[PDB]
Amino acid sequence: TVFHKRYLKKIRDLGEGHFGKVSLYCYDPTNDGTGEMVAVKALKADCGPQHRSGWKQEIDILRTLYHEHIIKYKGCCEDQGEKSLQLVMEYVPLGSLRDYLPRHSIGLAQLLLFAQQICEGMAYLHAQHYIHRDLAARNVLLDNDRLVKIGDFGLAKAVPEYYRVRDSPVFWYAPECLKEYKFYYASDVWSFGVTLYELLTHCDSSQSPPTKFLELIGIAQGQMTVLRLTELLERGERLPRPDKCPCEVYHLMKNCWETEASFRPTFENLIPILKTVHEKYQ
């Protein structure tokens, strides 16, 4: 589907993804005001050719992906201004779990439903032979109080086992990513582990992974932030058990954070486990 630039009316900026801005538009060809609300992702204007090929990549991936827990592609817009296309997606007014959970007291049962729905979307992603490479609470969007959608695919890549990585969300990344720059399907499950930690802290800034890891590492030697983080993880140190997180849910987090990638469960493994744990608490 092709949106006509001349019927896009901007309302507000929504945020910054990996290649450029997400803005809320009304698409109102009738001119009455009852037209659809749409989220439009655009390439930054002065972006160089490493970003542009990246952006063409993000466009290609979202156009192929169809799942109840991935953000709906609607179409593209001819952006004369940036001599490229704008990605047109469904609008989700509640935004990310990073924005939502700090203002809404959510129950444990509802957080594990979110966790389950994230695993179902990633299993789909993995079955289509893509890696996300930025699975974090900022990238998980809330459609409604019982329904999340993986929302941003700017770092996502087609696997021809693993893709060789070249900015980076290091505080969400497995030891093999940091040390060997190799991103495996199992590296996304590490990231899921940190996302699950984020949900159980209600994305409290002061309990965030950057904050918690730099508390362990310090900032007196900023140049070796990845080295010290790598050494800390290989020593087996981990983000703490969130307040009021059940012991077995923390065991599941630590399992997603196995140093050995091959010892981590797949998203396929996690779906039946998260269902059963959800139903226990609900």
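Start at 1 with the first residue shown and count on from there.
Coverage remark for residue 67: present in the model in all other entries compared whose chains are built on both sides, leaving no third without it.
Per the compared records, residue 214 is resolved in all of the other entries whose models span it, so no third of them omit it. Going from residue 166 to residue 167, you skip over 1 to 3 residues of the deposited sequence that the entry leaves unmodelled. Gap between residue 160 and residue 161: 1 to 3 deposited residues without coordinates.
56-64 and 223-231 differ in mean CA B-factor, and the higher of the two is recorded for 56-64. As recorded in the PDB entry, 25-33 is the stretch of 25-33 and 253-261 with the greater mean C-alpha temperature factor.
In the deposited coordinates, the residue among 172, 181, 197, 114 with the greatest CA B-factor is 181. Ranking 71, 123, 156, 85 by the C-alpha B-factor listed in the PDB entry places 85 at the top. Residue 98: CA B factor lies in the lowest third for its chain, per the PDB record. Residue 238 sits in the lowest third of its chain by CA B factor, as recorded in the PDB entry. Per the deposited record, the Cα B-factor of residue 81 falls in the highest third when ranked against the other modelled residues of its chain. Remark: residue 145 belongs to the highest third of its chain, ranked by C-alpha B-factor as recorded.
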